[PDB]
Number of protein chains: 2
Amino acid sequence: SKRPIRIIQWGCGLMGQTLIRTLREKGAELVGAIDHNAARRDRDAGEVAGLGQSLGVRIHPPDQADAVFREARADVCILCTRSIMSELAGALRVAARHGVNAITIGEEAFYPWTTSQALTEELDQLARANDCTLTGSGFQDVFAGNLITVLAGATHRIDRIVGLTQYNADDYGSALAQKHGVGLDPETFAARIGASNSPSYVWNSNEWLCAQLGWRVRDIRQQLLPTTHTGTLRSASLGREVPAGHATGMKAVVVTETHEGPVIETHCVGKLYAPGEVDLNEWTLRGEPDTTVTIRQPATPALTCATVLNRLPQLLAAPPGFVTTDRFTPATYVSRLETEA
Amino acid sequence: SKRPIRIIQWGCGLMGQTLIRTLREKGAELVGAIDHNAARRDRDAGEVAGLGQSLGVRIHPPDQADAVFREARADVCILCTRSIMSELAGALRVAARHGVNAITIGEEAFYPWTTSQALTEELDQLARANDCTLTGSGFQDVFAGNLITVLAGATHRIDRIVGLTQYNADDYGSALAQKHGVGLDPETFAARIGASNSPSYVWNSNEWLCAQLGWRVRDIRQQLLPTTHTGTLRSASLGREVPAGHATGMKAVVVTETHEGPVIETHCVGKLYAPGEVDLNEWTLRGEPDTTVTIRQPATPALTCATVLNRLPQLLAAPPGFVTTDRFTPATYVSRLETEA
Ligand SMILES: NC(=O)c1ccc[n+]([C@@H]2O[C@H](COP(=O)([O-])OP(=O)(O)OC[C@H]3O[C@@H](n4cnc5c(N)ncnc54)[C@H](O)[C@@H]3O)[C@@H](O)[C@H]2O)c1
Ligand SMILES: NC(=O)c1ccc[n+]([C@@H]2O[C@H](COP(=O)([O-])OP(=O)(O)OC[C@H]3O[C@@H](n4cnc5c(N)ncnc54)[C@H](O)[C@@H]3O)[C@@H](O)[C@H]2O)c1
């Protein structure tokens with residue numbers, strides 16, 4: 001027989017709400033929900049996710065996470081909270097301590113082996129010790145990952161891979177807007193965002209490409225610059241107007257050099273959109289031959305969530321540890337989130 | 001403890017010439033060459049492939065194929081000759097009888113399990129008896145194959161996959177132009193091409209998609225129509241002028257219906273090009289979300305040959321038999337075509 005995959009949603013904001021709705025559509029069961037947001041604490045997860053029915057799954061604050069793991073008998077925790085390993089590791093450790101597989105959309109977690117080596121190695125040991133799998137997925141998994149490596153499989157010689165990924169700061173929560181300097185004046189942007197130069201999502205996803213292609217990274221250079229508009233734009237996530245000339249978000253340019261020779265140059269743009277702007281995804285493999293792929297207006301949030309749910313059967317089957325998706329076969333379409341009973 | 005992969009090129013026309021040059025750039029060695037073409041017979045394969053320096057590999061006629069396989073001690077035979085299994089079987093039997101892995105760009109061979117079931121089962125048993133693997137690859141492997149299934153892994157619900165593939169009937173040899181009815185008057189086209197309704201490349205590649213997605217085919221419907229131009233066009237492959245109103249090639253529409261419900265609808269055009277026409281590759285996964293992917297002017301011949309060479313390490317490692325690429329992980333970029341001792 002088959003049974004529902006049993007999921008704990010940790011982070012019940014925009015992406016977590018989409019996942020609660022879509023996991024139920026595919027026959028999975030929400031068995032726990034954790035969020036620290038004062039407005040969502042104590043509410044039913046079905047209500048917060050916009051469903052027509054109460055699920056009888058109360059949103060618990062993270063200080064009660066152990067009790068929800070013990071009670072829930074979950075197969076997997078999906079973690080949609082923060083972007084950087086230091087801010088994900090706490091939740092991933094709770095999942096691993098309970099022997100529960102976890103998959104996060106936190107962008108650094110896609111490939112954190114060099115940017116947060118100590119935390120990743122510690123979680124890898126802890127996941128191995130508790131016979132469960134931790135991984136990072138989301139939009140990058142295909143759209144800055146296997147889309148490129150599938151095309152590399154048809155390429156004679158790669159000299160350079162050149163990428164552009166653009167997403168709408170207002171499709172996501174305050175964390176993403178903050179990381180992108182949305183609403184900062186030019187000086188504060190340069191001082192807080194530019195100067196600290198924290199790895200953009202494509203620093204890690206470029207490393208993921210090199211790992212899957214069998215290349216060794218020899219140098220990484222990133223520049224973070226503010227984006228701008230000629231008019232006022234509004235950030236719904238931060239609930240403030242952004243004057244013309246203030247940062248509407250940021251453009252990251254990452255150049256990843258290899259010992260082998262090929263280079264990966266990726267532009268990563270997260271900003272408020274002026275009228276008629278849309279998400280972009282375009283890659284060129286330069287060499288023999290040159291190949292250019294364009295996704296026409298990728299539905300970035302939907303593609304992020306669908307990839308996570310399609311990964312779950314593989315996550316359940318995966319060997320224990322912190323296992324990044326460069327070590328998996330590509331996500332396949334799964335009609336039903338049901339598992340052998 | 002590694003050595004060059006040893007290749008026999010069977011078919012030294014346009015694709016075979018590209019393969020002889022490219023295989024060497026990736027570290028493989030040409031150990032045999034077969035072609036029935038009176039103009040290439042007895043010439044050096046390096047010379048025919050446009051190299052500056054002779055390789056000391058004479059092109060042999062296929063009546064001498066056994067003797068060249070016995071001498072060559074090949075790892076792989078690349079077969080670039082004909083399109084349909086009945087016309088490839090002769091060469092695939094020679095490869096298999098000599099324990100040599102074979103990969104063909106013959107379009108039916110991509111997924112021949114239902115269109116040529118008996119030949120496929122016969123070759124499977126012959127390959128298993130000789131500890132070697134036969135497979136079909138080429139442009140379809142990614143561009144009507146794993147490009148679609150990688151995007152399916154980011155999709156919540158698939159209702160329909162709709163594809164358009166257009167290629168230049170003049171980039172390939174006479175066999176492809178003939179399969180497409182190039183230069184036929186409308187009556188002869190109807191009588192020979194339209195009426196027989198032989199499987200277009202996307203009949204087999206849509207079956208390949210269903211196999212990889214875990215769908216069961218319930219019906220396949222194809223219509224073949226001639227393409228036309230308003231002016232005379234020239235086929236370099238046939239050395240023929242094609243007057244306005246004669247078939248410049250053919251457009252296939254294949255609708256592949258599954259038991260599960262999703263449908264794959266693929267439009268496939270192979271023809272002579274009027275001024276400004278280019279190759280096209282565009283796919284839409286309709287459902288949730290809708291995703292459209294476009295390849296800008298794919299370098300279809302270069303992509304065909306590069307995919308074949310990238311597949312070779314997998315072909316060597318593959319279990320014995322007729323093993324279609326739906327059973328492999330996607331082709332990966334290979335810098336070095338080497339194998340153990
Ligand atoms: N493709 C991708 O990988 C991808 C795409 C979408 C979003 N993201 C990332 O995922 C995260 C969530 O995005 P979102 O748009 O849903 O944001 P959101 O702000 O709408 O977030 C979900 C919730 O997480 C809560 N939260 C944060 N830290 C928590 C913790 N330790 N414990 C409990 N609750 C916690 C917040 O209160 C919020 O309610 C962000 O870091 C974003 O950058 C990644
Ligand atoms: N992506 C793909 O899968 C793909 C793309 C390119 C070509 N093809 C197919 O592959 C074939 C080769 O294409 P090409 O452009 O190299 O054509 P080509 O005419 O240049 O082919 C090479 C030569 O093979 C010879 N040949 C045919 N049958 C033979 C046999 N039994 N023994 C020895 N030699 C034989 C022919 O005389 C021909 O000149 C065509 O049928 C074409 O339709 C498929």
Side-chain angles (χ1 to χ4, degrees), chain A residues 18 21-22 25-26 137-139 141-143 145-158 212-215 260-262 281-282 284-285 287-311 314 328-335, chain B residues 18 21-22 25-26 137-139 141-143 145-158 212-215 260-262 281-282 284-285 287-311 314 328-335:
Chain A
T18 300
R21 183 173 333 114
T22 53
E25 286 172 5
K26 290 203 140 154
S137 189
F139 186 65
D141 190 321
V142 170
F143 294 96
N146 281 310
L147 175 63
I148 293 73
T149 61
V150 171
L151 296 165
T155 302
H156 178 54
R157 189 190 70 254
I158 298 164
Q212 214 196 61
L213 291 167
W215 299 337
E260 287 68 22
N281 195 97
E282 187 158 293
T284 300
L285 292 89
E288 178 48 35
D290 288 353
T291 301
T292 298
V293 60
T294 307
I295 312 298
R296 300 200 185 286
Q297 299 184 51
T300 307
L303 292 163
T304 296
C305 293
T307 306
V308 168
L309 296 185
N310 288 322
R311 281 291 192 189
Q314 290 175 293
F328 288 56
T329 66
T332 71
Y333 181 70
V334 176
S335 51
Chain B
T18 298
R21 197 170 334 114
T22 48
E25 300 176 2
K26 296 212 140 164
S137 186
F139 180 68
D141 191 318
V142 171
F143 292 98
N146 281 316
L147 175 63
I148 293 65
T149 63
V150 73
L151 297 165
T155 301
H156 171 62
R157 189 191 72 251
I158 301 168
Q212 211 197 66
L213 291 166
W215 297 339
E260 290 68 17
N281 194 101
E282 182 158 308
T284 302
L285 293 86
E288 175 53 31
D290 299 314
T291 301
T292 302
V293 59
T294 302
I295 310 300
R296 184 181 114 75
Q297 301 190 19
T300 309
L303 293 163
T304 297
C305 297
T307 305
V308 169
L309 296 183
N310 286 326
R311 281 293 194 187
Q314 285 174 305
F328 295 39
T329 64
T332 71
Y333 179 73
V334 178
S335 262

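Just the heavy atoms: all of them, side chains too, but no hydrogens, waters or symmetry mates, feed the values below. Chain naming here is simple, since letters A, B, ... match the order of the sequence lines and numbering starts at 1 in each.
Taken to the nearest 0.5 Å, the OG1 atom of B:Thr22 stands 11.5 Å off from the CZ atom of A:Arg157. Here the CZ atom belonging to B:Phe328 is positioned 15.0 Å from the OG1 atom belonging to A:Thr329, to the nearest 0.5 angstrom. Expressed to the nearest 0.5 Å, how far NE2 of A:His156 lies from NZ of B:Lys26 amounts to 6.0 Å.
Taking both residues in full, the closest heavy atoms of B:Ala306 and A:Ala154 are given as CB-O, 3.2 Å, listed atom of the first, atom of the second, then distance. Shown here for B:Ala152 and A:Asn310, the closest heavy-atom pair between the two residues is O-ND2, 3.8 Å. Heavy-atom minimum distance, B:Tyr333 versus A:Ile158: OH-N, 3.0 Å.
With respect to the salt-bridge test (charged N to carboxylate O, under 4.0 angstrom), the residues A:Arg296 and B:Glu282 qualify.
The contact between B:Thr149 and chain A is made entirely by backbone atoms, counting heavy-atom distances below 4.5 Å. Proximity to chain A is limited to the side chain of B:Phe143, based on heavy atoms less than 4.5 angstrom apart. B:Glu260 does not touch chain A: none of its heavy atoms, backbone or side chain, sits under 4.5 Å away.
Judged purely by atom type and a 3.5 angstrom limit, A:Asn146 has no side-chain atom pairing as donor or acceptor with the backbone of B:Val150.
You'll find the side chain of A:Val142 reaches within 4.5 Å of the side chain of B:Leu151, heavy atoms only. Between A:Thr294 and B:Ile295 the shortest side-chain heavy-atom distance does not fall below 4.5 Å.
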Output side-chain donor-acceptor pairs under 3.5 Å for residues 297-304 of chain A, partner residues at least two apart or in another chain, one line each.
| unit_1 | atom_1 | unit_2 | atom_2 | d |
| --- | --- | --- | --- | --- |
| A:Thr300 | OG1 | A:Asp279 | OD2 | 2.7 |
| A:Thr300 | OG1 | A:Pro298 | O | 3.3 |
| A:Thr304 | OG1 | A:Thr300 | O | 2.8 |

